[PDB]
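Every read-out reported here was derived from the displayed coordinates using simple, explicitly stated rules and does not represent laboratory data. Because the Cβ atoms are built from the backbone with ideal geometry, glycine has one as well, and the counts that use them run over all protein chains shown.
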Amino acid sequence: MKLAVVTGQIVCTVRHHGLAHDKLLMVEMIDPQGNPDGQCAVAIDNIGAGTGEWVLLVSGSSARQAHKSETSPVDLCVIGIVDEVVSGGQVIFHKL
Amino acid sequence: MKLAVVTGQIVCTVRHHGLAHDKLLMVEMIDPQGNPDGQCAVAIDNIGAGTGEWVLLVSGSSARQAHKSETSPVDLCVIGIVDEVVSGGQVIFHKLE
Amino acid sequence: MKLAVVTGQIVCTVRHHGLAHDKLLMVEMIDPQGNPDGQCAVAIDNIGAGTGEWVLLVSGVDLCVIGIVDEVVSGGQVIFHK
Amino acid sequence: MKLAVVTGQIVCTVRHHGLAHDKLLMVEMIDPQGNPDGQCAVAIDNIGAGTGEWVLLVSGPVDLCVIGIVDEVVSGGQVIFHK
Amino acid sequence: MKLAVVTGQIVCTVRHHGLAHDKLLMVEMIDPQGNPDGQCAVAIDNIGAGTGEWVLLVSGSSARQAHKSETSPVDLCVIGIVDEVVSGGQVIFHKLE
Amino acid sequence: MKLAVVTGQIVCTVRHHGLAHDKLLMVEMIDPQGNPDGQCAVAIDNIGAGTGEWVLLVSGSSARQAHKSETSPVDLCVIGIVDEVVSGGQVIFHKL
Ligand SMILES: [Cl-]
């Protein structure tokens, strides 16, 4: 499980039917401190995260489960939006 | 998933039955700034992507599910053709140039 | 498995229902000598570890707390105690 | 999946009976530009590829398995391999 | 599998139920020449290894199977205590040395 | 799947009961191509390979299957002994 920032959005009209009508968001991995890994990816989204918001990503077979079921053709899925990250009385990230 | 550009194709007349008669695309990955990275591979495709087009790729067991089932001998599968990619408040790719 | 110190907490009220009734921790890994080793990470936590506590982590999403560490002894010497 | 050239054969008469009726190949991976890329490997083969032939390899009974023999490869407009 | 030296131990009174009451050893891996390499870890143990002793370690899903089943939350498990290691026609470790 | 050379033997009297009475061999992975390298490991063996002989190793869940079943507590198993390796028709390794 990893933290990531939603950097944007991808649009595929012709797509695999098992993606339903869920958003495909451009996500860029970060350290929990907030350090871009350069690592880019596209994550399916059914929670409803917007760009700039920090998200919690699950990959692999859990990414399938998290999206819907084992049938899902996904290897990367957003399972949470971050409200804040604290570090002993200090809020290093907060959602606005 | 990952973004790649269909750079070409592979033709295997003699092939594993679980590949069906689906297409075998040469794909090169794409980076945040919208550019072809170093990384390359071959991905199966029944959606019908063509060379030059950008595609969304799934890998590992998910690719097997995507293509057919765990019977499928694939580690990479195309799950969509990309119409446009908007990142950082800027359109970094669009079909219609 | 790996040792780590809980450096903080990640809050997610809006969350996947499968992840429900779990805590999300910010953790920093501990090197062979009992020192925090820079590389920070995110771990799932259903035991209930607070910041400052040491935790045992299994790698298999990925990081999960599988215990809170009362003490650690190395080559004869205690390198950590609650 | 990955492209590779069959560089040779590994012979094992004494073998696990589950592995029976398969061929063991020595393969070298092929980079984006159609050149052998140094990193050699071992692949299982139940199709039947000889040395010199190019093969398609899936990564996933152990790791590398030949899932086809390559008749030709075209990249950015240009044919980089033909049988 | 891998050879390691039990260098110490970890005590977790509050712990996941699927760890049972098994021991939690600090293990450092060993290299071909018979020496403690850099790599270290914590491994579960119901065989009963003691500090100083060399042990055979299994990792990943195999470790879960080794310890109990896929219910076990472990990525490392001891599967034996090493009496001796003979390599290159030379005894490179023995209990009684 | 990887090539390896059996460099020696390990002896564990007190051992996991799911190892039966099978040999535990010191194995050193073979570089590309012809000689060994740093990578060391211990592989379970039920084929019966001796020291110096080149072996075919399977790891992970297949290593479990190859040894006996999913029950097996092994992450590395020898599934073949090499008779020979031929490059471009040039026997680079042959068994004595
Ligand atoms: Cl392997």
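Taking the range F:49-87 as the range and being within 16 Å of the ligand (Cβ to nearest atom), of a type in the set (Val, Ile, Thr) and either within 22 Å of residue E:89 (Cα to Cα) or in a loop (DSSP other than H, G, I, E, B) (or both) as the test, the residues that pass are F:55, F:74, F:78, F:82. Given the structure, is residue B:70 facing another protein chain (nearest Cβ under 9 Å), out of contact with any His (no Cβ under 8 Å at 6 or more places or on another chain) and of a type in the set (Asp, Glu)? Taking the combined requirement at face value, the residue does not satisfy it.
Considering the range E:27-44, and only residues there that are in contact with an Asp or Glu (Cβ under 8 Å, 6 or more places away or on another chain) and not in a strand (DSSP E or B), the residue that is nearest to the other protein chains (Cβ to nearest Cβ) turns out to be E:32. The set of residues from the range D:25-48 being within 16 Å of the ligand (Cβ to nearest atom) and either among the small types (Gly, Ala, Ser) or assigned to a loop (DSSP other than H, G, I, E, B) (or both) comprises D:41, D:43.
Inspect all residues belonging to the range A:33-53 and state whether any of them is of a type in the set (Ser, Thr, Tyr) and under 10 Å from the mean Cα position of the chain (by Cα).
Looking for residues that are of a type in the set (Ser, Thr, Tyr) and under 10 Å from the mean Cα position of the chain (by Cα), one finds none in the range A:33-53, hence no.
None of A:56, A:76 is more than 10 Å from chain B (Cβ to nearest Cβ), under 23 Å from residue B:86 (Cβ atoms), touching a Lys or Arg at 6+ places or on another chain (Cβ under 9 Å) and surrounded by 24 or more Cβ atoms within 10 Å (Cβ to Cβ) except A:56. Residue B:72 meets the conditions (1) more than 22 Å from residue A:71 (Cα to Cα); (2) buried (at least 17 other Cβ atoms within 10 Å of the Cβ) in every case but one. The failed one is (1). Taken together, F:34, F:38 contain a single residue that is under 26 Å from residue E:53 (Cβ atoms) and out of contact with any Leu (no Cβ under 9 Å at 6 or more places or on another chain), which is F:38. Looking across the range E:75-95 at every residue that is among the small types (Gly, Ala, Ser) and more than 28 Å from residue F:71 (Cα to Cα), the one that is surrounded by the fewest Cβ atoms within 10 Å (Cβ to Cβ) is identified as E:89. In the range F:1-24, of all residues being assigned to a loop (DSSP other than H, G, I, E, B) and out of contact with any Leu (no Cβ under 7 Å at 6 or more places or on another chain), the one that is nearest to the ligand (Cβ to nearest atom) corresponds to F:22.
Could you grab me the full set of residues in the range E:48-59 that are assigned to a loop (DSSP other than H, G, I, E, B) and surrounded by 20 or more Cβ atoms within 10 Å (Cβ to Cβ)?
Listed by number, the list holds a single entry, E:49.
Of the set (1) more than 21 Å from residue D:37 (Cβ to Cβ); (2) within 8 Å of another protein chain (Cβ to nearest Cβ); (3) not in a loop (DSSP other than H, G, I, E, B), all apply to residue B:24 but (1).
For every residue, the table says whether it meets (1) more than 30 Å from residue D:53 (Cα to Cα); (2) touching a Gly at 6+ places or on another chain (Cβ under 7 Å).
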site: F:8; (1), (2): yes, yes
site: F:20; (1), (2): yes, no
site: F:26; (1), (2): yes, yes
site: F:36; (1), (2): no, no
site: F:55; (1), (2): no, yes
site: F:70; (1), (2): yes, no
site: F:78; (1), (2): no, no
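Restricting attention to the range F:8-40, the residues that are buried (at least 19 other Cβ atoms within 10 Å of the Cβ) and at the interface with chain E (Cβ under 9 Å from one of its Cβ atoms) add up to 10. Output the residue which, of all residues in the range E:1-21 that are in a strand (DSSP E or B) and over 15 Å from the mean Cα position of the chain (by Cα), is surrounded by the most Cβ atoms within 10 Å (Cβ to Cβ). Checked the range E:1-21; the qualifying residue surrounded by the most Cβ atoms within 10 Å (Cβ to Cβ) is E:15. Every condition in (1) touching a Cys at 6+ places or on another chain (Cβ under 8 Å); (2) within 17 Å of residue C:16 (Cβ to Cβ) holds for residue A:70 except the one numbered (1).
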